[PDB]
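# Coordinates in review
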Amino acid sequence: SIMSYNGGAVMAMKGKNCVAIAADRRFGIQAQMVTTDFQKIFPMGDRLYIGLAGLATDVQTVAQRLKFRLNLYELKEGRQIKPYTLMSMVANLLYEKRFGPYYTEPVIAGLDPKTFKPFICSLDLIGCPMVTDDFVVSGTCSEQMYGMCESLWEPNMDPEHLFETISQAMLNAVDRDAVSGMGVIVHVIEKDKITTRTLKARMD
Amino acid sequence: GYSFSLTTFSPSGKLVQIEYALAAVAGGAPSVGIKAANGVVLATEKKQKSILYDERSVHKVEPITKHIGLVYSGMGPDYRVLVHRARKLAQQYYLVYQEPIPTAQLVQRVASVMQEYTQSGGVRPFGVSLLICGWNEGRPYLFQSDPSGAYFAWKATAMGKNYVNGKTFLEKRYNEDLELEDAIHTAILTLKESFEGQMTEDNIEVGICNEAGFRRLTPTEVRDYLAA
Amino acid sequence: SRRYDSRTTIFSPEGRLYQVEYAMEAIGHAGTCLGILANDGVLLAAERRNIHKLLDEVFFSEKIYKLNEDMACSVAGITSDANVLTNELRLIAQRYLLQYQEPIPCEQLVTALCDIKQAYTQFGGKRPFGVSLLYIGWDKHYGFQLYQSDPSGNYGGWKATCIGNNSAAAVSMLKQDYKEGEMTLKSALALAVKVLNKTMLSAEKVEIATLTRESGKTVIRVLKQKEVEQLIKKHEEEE
Amino acid sequence: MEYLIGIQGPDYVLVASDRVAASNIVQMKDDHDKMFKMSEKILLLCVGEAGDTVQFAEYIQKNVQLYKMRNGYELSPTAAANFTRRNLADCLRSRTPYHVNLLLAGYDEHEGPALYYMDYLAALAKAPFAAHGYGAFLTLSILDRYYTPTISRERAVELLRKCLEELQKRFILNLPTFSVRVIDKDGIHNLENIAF
Amino acid sequence: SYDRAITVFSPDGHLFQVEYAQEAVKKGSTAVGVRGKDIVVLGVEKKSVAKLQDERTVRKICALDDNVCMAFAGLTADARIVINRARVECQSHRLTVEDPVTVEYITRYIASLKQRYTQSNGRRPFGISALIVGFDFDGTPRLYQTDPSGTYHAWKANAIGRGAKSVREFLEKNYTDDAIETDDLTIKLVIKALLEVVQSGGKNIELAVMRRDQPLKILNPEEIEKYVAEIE
Amino acid sequence: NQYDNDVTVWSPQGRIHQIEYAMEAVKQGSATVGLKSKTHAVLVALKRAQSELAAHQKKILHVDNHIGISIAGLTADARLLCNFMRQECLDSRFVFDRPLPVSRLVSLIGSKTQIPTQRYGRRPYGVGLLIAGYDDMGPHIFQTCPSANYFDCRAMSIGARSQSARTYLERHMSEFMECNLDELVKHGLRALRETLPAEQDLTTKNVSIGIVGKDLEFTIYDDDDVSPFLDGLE
Amino acid sequence: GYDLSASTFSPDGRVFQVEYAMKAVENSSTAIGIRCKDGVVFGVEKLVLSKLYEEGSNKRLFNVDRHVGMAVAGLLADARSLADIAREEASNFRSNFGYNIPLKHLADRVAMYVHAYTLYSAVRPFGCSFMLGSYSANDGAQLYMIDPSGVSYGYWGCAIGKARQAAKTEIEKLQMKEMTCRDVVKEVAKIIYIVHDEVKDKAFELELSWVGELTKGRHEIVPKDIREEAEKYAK
Amino acid sequence: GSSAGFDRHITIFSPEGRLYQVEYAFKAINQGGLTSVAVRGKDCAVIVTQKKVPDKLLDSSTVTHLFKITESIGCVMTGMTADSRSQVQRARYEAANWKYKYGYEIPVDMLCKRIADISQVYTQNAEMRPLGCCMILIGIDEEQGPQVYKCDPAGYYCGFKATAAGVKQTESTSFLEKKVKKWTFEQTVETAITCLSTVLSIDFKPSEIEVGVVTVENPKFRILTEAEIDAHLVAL
Amino acid sequence: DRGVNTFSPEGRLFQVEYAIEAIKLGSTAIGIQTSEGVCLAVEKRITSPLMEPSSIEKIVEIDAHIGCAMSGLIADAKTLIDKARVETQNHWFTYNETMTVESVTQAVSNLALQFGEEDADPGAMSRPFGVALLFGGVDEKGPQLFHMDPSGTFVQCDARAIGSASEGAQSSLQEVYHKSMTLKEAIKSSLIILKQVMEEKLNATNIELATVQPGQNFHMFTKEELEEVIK
């Protein structure tokens, strides 16, 4: 499969007044690991992040083209883009290559620039948006991520509690997947701070 | 078609064609735009003065979208092209961002189209000044795009015939904390300072803009506002 | 078709392009735009022409535009023409950043727009853009920079320069007031106020933007009403 | 299969590649150069399809040289690595896709040494050390076990020998000679060819 | 698209547009060029000597490649376009052919472009004159000069701009085989020719040099002040 | 004045000056005579040599095996139309495997030459043609011009001072049908002599001859082969 | 300078360039058309401007279709191009709808194509008028006339050219509605002879065409016998 | 007013801001010498027009200014003949295109707008001139009843109760004004015929004028015959 | 004002006529055809002494058997010269044989009237070439000398002179020319005539000379060769 060529997995979780986004760090061609610190999550604002799983080349291409459009958008109408508006912009960008699309399934996580209301969503390769009120996953180990997320997620979780839940979810999900792992990075977005930590994961 | 420009620079550094297009707007029917805290109001003189003409047939105040309305001064036929372009520009924006285009965004996109006709080959500049109003993020907006392509933000402005005397009177009655209802009376009062005969329910068109969106008032509504 | 053509892109008897020359006369009547480069920053000071009691504030700036993260510009002349050029500048910077994954150097951005203005005075049969620009920015090759282009596509780097209405009197007052190498942002701002007062001053009649560096990050910001007001009072004390 | 290898040290980046140009079952050349000089302190190592490598490598070279010509300064290792990834990614879904695997080595005055790994699908990855080809499977674990970030230039060359020696005893292909270069603050230096 | 013929013939067989483009070159800054034994000098007269102007961004002497450099006179905006085209052609010649371009090759290409703008629809001719100078693979100093019409010639010493007639005349009775004996007399020759036309000669004279197998060097304010004092 | 610069500008008299200005080129060229019989069609052009050392310019060109032409006016334009005529003739032989009827080819030229006279910027072909061919309807003589009008004639003459040649043809246009080859070629040479001034005469250096008949493919006679036909005139 | 382009209206609302193209049609020889009870008869007074021209050269009567005839007047070069255009419309029509194009539709199509050259300065208006005639078993006999501006009307008797105002009068006298093609041939031949100027113009040839029930709805030139039989009766 | 450059030759603004070329196209509408009148009733729309036919050689059955756009829409052209047919041809195409794309019949006001939009392009583009013709459309609306629209060469259009175009336009609107200031099918037809008659003072005969109508009970557009027109002409 | 394809009242295109007036300002070129070969000569017209005489090239080799001398606007000639070169190279590639002198001239004569504003793309000539050409080569018909001008009209001549002093040179060619001249005699007469219509003292670096014999290929006389012919 083309989507499992490089591997990878991204996750997004909704808390009380915060959101969390995590991803694996392994970059590799088929069964061979090249690096262990490949960026998958990209900042699209002060409190707006986007995770990208799938073909490594498309992950960088879509991430670079999204920044191009986002930059122009913010200059035109001097204001930070809203979480929901960024999802539409990405969908549009993905649906443009309807017949021969990018091989990446983005995950958006962030807070609104005026109300700080948690927002999480995930789109498919052709740009089909899907907003949820708990969590969204994307990657080769999506089945394992669902299992972990479904049984661990709790409504109204505080930043500390939210971080632990998304950490255990990703950690245990990537350990049951061969082409995913080599480290986990987590971004916990609050109202006045962004905490970024790397987890103690397996390296096999 | 021609590939050269019809609007060029003169010795003094002026674009005569654009300046001659502003003379067409100045001889047009008077238009009034007033921004009063909780909304915007657009009013225009619609005197057909011939009796056979069906008042309801055409309209001067047109909705560009659910929250944006439009008014003009100058050539009517040119205004129809801009209104159709503005409606297309708004729908295009909504197909990409899935959210109503901000009034400021639409005014820039429409002004860009008007600037294109002052530099392209084989075409003359539009002979119509626009007055766009809208409501986005709990805030009233009032803009004015002229034939040259330039646009400004206003609180209250007059257009068309006798606009110089319309602004002075508008500035002597405008108040910061003014409500829509009271703004609809000053907008009609400034329109009645050059209405020659008697202002009726189908003699002038009024458009209001608040948080519920843009809508064209009706004869019944105008009648009640005209009595007071 | 050959009788209505005004021939905008052709040479004249003395070897001069008339259309370009006429477009530079339009920039001489526009609002004054001045630029002063300091050691710790660069500023832009444009005189507001949109002055009216019924005029709303809405935008964050009327004459100053942010091109990208580390660059801002000031236009002069046909405002509608300036809207086409500023949008092209942002598209040029975004294109460079999508290709090299790094900010575009100040001179490369100005050169790309000057190549577009040069093309309108050579072929196409269209009138040129009647707008003069002033670029301020910071790059990793030459630090703080101040550029200035014109309708013909010509452009040059300056230490301090002024364009628009009464730009000749400002330039002459800038030469006898500028200190090559020993100019600070605070002292640069004072010089800008003394130049705008001479070629004219209220705080609503002017717009001031500064571009400085803070923690390996460019910061562009327009001085506030109060922020400028104080400056104007301090120049009155020396007068 | 061709072999590429790069090792980034504290303030230098060492690169090496095989010098064999083979057709069907015979080595037509034994002293072929797979390294392309992009600038004063930038080296591009390219391997892959017959005419694709040179065609792609020379296009990138011309543009990087053009950049300096009109700007005065040279493109940095990072900017050059992104420029070449963009170009390669634009041909991926195009009519004529370039099937080339490459390593970009360079030295920036402010960023220090840099080593970039780019596969044929145009995925750019920065690394302390990287390799390309079928011989990368037999030498990546050797680098893993002995590479340390503060490795000296003399130790880097010794480490490279071990990898090249592994190919002589384990690889089925015949790669006798290797081109060895090093990039630092002074520029690109031509080290003695390692032969067996 | 604009397809109107801009340059056409006149009653007495004259191309007015090309003659008007050459009139613009006479109003431009003076640029002299001298071809020495093992050195090539390019001097230009900085008309605008503003103290608030960044001198590095208004230079007239550019570089087309590692062995070819050039100066111009006339419309500055047109020169840039031409220089950028010549730069792209140099890299194209290094791609297809596996060697550097000769000075005449790029001069021929720049002249070819200029001529094309004098016989094309919807476009005026370039209003500049170039003084291409450089070295070939054998190490021979070349000095070519192109004009708006599209005709190029190889010279020994040439000046273009406002005071080109005077400089040329002065150069005619000053450029010998003994006047360019070394790498200092050639520089003193270029400065001498520029000094008899440039107002307040000294700080208004930028000049770069190019020696065999060597990049391009631009003498600064101090280096050029020593040559201006030496003369006296 | 204001109605003689473009071809798309009708004058107040219902004329197009530009089209008439292109007809002046045909009258400034060397005379050419084309006459036919019941089995043959010939053309006799008076090649003129401006310079004394220069060679007389060709006037008769080859189009096909059964079609030949004689130009008058603009040389470049004549080569432009000739190339088009050859193309059409080659098309017919390729598609229908047979010679393109002279009348059909003449109509094609009329269509192509008309387009330029109605469009802005374009100009009319400044060349007069004398087509001589032979198809299933016997020998033909067609005359085309810059106004895109073509006529089927028994005998024709165009070029400078060809009114005398034209007048001579009318007096003898009754014995051409029965006229034999040599007699038919003498009448054309005699008619061409009238255009020439009293001083000079028709030599073998200033006369070209194109002949096309039933079993005779379009042939041209230069200097040596022109003698046979020449020798015999008075 | 209001009459230099076709895309320019004059002060009194007139397109002079279109009126100048109709002035060229008035210099041409007179062509007349007459529709009888079962067909249309065409007659042009072809002016032979040279004795070297072959009898039949520069014919002003064409065959746009098997059932359609076309009589022209004005610029022959322009008229020939319009004849080609009419041949295409009729040919295209048959390929699309599967049957012969009605004369009214052919007139409409060509008239609209002629009207397109009277709007811009990029081209010039056609300088030639023409009549279209055809006969159908169900449609009957039709006769249309298109002028330089693009106006096309149906007629009973029509004339265009030099003496079209004098040839029209001599056409109203005849009762073509109750007449027949065979009898109309002579009538038309006589009309052309009366209006022909013999004091200003030179010599001319008589061009006669007809379509109707006698030719089985197919347009063709009037036979030599009939042509000469009507030529003697008109003399 | 004043003049500058080529304002009187092409569609470009003049010193006073007027389009002289468009003004000259309105003067070309009266070069046909005819006059059309349209009156709106309560259950119908009436279109009557001068039918001048001088020569008897010219077939009068082909000289009509009344054209059918669709099955429910009819119109009357006034001005340059050639321009009028061109415009009518476009209207038929615009109406057929609308039905194909949207699945329902084009409203009369929408067809008028579309035609007016096309006429406005000639006023902006300088390469081509405006048409010297006028159009008046009548028809029955699904939920509005009979309609009467008119669009001129300037690109401007409108809805009317009663309108007139041509040489006799001013007087026709002055007479219709009084008629609407103070209507059945018969009353409407008579009113339109009267207006045209009194304005020209010629006492129109059966084959001197053409009448086109549309009713609520019979939306299909049709042209009254000579006998039918004579039946309404002998009742006034 | 008028278009570039505007005919005059006489019947000549203005543009072409104006381009023929520009050919009477360039340096004089002389062509002579003999049985031993064709010889081409042309004055270099050196403006200043600082300019390199070799940089000026008025005589170019179209092919091995074809030479070409021009006059008028030299920059316009380069466009035509390249077309002639490619034309002969295409012929060789397609028919494995050399192209005749008449064929080459005709192919280059087809670009003469290929200009015009309207109804044309970006890569089209806006005006006609202001230059006259003199083609001299050797084919199956022996030595040949064709002459092409701005109107696209080409002819054949034994001795033709183009340029500012062509009128004067023509007379001298008619006086000193017969149909039995040798190649060496043609060269001598060429220099003599060229030496009378000049302003500068004709030396070995002031003029250009080239011959095309049936045996050897197109050859450009060297300084020594030119100096030994001036004796």
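Residues numbered from 1 in each chain as written, not as in the entry; some residues may be left out. Chains lettered and ligands numbered in written order. Part of a larger assembly, values for the part shown. Heavy atoms only, no water. Residues with missing side-chain atoms left out of burial classes, pairs and counts.

As recorded in the entry header, the structure was determined using cryo-EM to a resolution of 2.50 Å.

The name the PDB entry gives chain D is Proteasome subunit beta type-2, with Mus musculus as the organism. As recorded in the PDB, the entry bears the title "canine immunoproteasome 20S subunit in complex with compound 1".

As annotated in the PDB entry, chain B is Proteasome subunit alpha type-2 from Mus musculus.

### What to know about unusual backbone geometry
Across residues other than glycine, the phi torsion is negative in most instances, and most of the peptide bonds are trans. Notably, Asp97(F) is not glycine yet its phi reads approximately 50 degrees, a positive angle. In this structure, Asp97(F) sits in the loop between α3 (75–95) and α4 (102–114). By relative accessible area, which is 66% here, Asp97(F) ends up exposed. In this structure, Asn96(I) is a non-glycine residue whose phi angle is positive, near 50 degrees. Within the secondary structure, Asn96(I) sits in the loop between α2 (74–95) and α3 (101–109). (Helix = DSSP H or I, 4+ residues; strand = E, 2+ residues; numbered from the N terminus. Buried < 20%, exposed > 50% of the residue type's maximum accessible area, 1.4 Å probe, protein only.)

### Focus: the packing of aromatic side chains
Inspection of every chain in the model, using the stated rule, returns 41 aromatic pairs over all chains. Residues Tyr2(B) and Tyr4(C) carry aromatic rings whose centres are separated by 6.1 Å and whose planes lie at 50 degrees to one another, so their mutual orientation is tilted. Highlighted residues: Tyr2(B) in the segment before α1 (16–26) and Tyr4(C) in the segment before α1 (18–26), drawn from two different chains. Look at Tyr2(G) and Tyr24(H): their rings are 6.3 Å apart centre to centre, the planes differ by 70 degrees, and that puts the pair in the edge-to-face class. Placement of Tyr2(G) in the segment before α1 (16–21) and of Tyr24(H) in helix α1 (residues 20–27) is noted, with the two residues assigned to different chains. Residue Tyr2(G) is classed as partly exposed on the basis of its relative accessible area, which comes to 22%. Among the aromatic residues, those joined into a ring-pair cluster are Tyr96(C), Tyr100(C), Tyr142(C), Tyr67(D), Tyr73(D) and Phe83(D). The side chain of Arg197(A) reaches across the aromatic face of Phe163(A), ending 3.6 Å from its centre. Sitting over the ring of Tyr142(C), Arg56(E) keeps its end group 3.7 Å from the ring centre. (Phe/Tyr/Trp six-rings, centres within 6.5 Å; stacked < 30°, edge-to-face > 60°. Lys NZ or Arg CZ within 6 Å of the ring centre and 35° of its normal.)

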